[PDB]
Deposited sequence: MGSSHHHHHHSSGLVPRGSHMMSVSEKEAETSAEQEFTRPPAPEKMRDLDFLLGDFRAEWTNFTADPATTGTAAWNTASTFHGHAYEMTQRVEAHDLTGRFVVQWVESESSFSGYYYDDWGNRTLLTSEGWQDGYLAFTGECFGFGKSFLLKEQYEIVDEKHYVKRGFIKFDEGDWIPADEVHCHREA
């Protein structure tokens, strides 16, 4: 055989590609704290996986978010892990009603990572958590502005 081309569904993730300056607000702190980070996403493995590197020079944290389309499951997979020991597997049914939401169970609840496109150089990520049944509690907000 020949190398299978990356799935057409990866178009749904093209908005992530490039180097971004990330301005974040952390709502889990009271009062809410703010800072900056670099969120740089590249295409890897011939387009079969998009790999975001998150560098928060402030908390000396480096994280990775690997995102793929899983045809057998008809959903996107998102695998996050960092050098503070955090690790989460999220899944997303895809874009619906202006949002791209990654959800999974976690141990620190339900976690939701909701992406939104603003324009050609700006996207937003909003993180939420949910206990028991209850409602979504905002956890952070990250405004990403493209540099390259």
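Asks: Counting from 1 along the deposited sequence, which stretches lack C-alpha positions?
Replies: Holes in the chain trace, numbered from 1: 1-36, 145-148.
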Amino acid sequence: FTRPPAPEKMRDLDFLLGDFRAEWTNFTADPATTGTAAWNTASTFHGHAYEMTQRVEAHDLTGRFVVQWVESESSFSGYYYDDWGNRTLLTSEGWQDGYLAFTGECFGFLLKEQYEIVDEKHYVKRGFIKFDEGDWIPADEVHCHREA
From here on, numbers count along this sequence of modelled residues.
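Asks: Per the record, averaged over C-alpha atoms, which has the higher B-factor: 98-106 or 75-83?
Replies: Comparing 75-83 with 98-106, the higher mean C-alpha B-factor belongs to 98-106.
Asks: As stated in the PDB record, which stretch has the larger average Cα B-factor, 20-28 or 130-138?
Replies: The deposited B-factors put 130-138 ahead on the C-alpha mean.
Asks: Determine which member of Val56, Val66, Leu90, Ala42 has the highest CA B-factor, using the values in the deposited entry.
Replies: That would be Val56.
Asks: Out of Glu113, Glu116, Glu51, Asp60, which one has a C-alpha B factor higher than all the others in the entry?
Replies: If I rank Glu113, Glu116, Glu51, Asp60 by C-alpha B-factor, first place goes to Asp60.
Asks: Among the modelled residues of its chain, does the C-alpha B-factor of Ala148 lie in the lowest, middle or highest third?
Replies: Its C-alpha B-factor, which the entry lists for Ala148, ranks in the highest third among residues of this chain.
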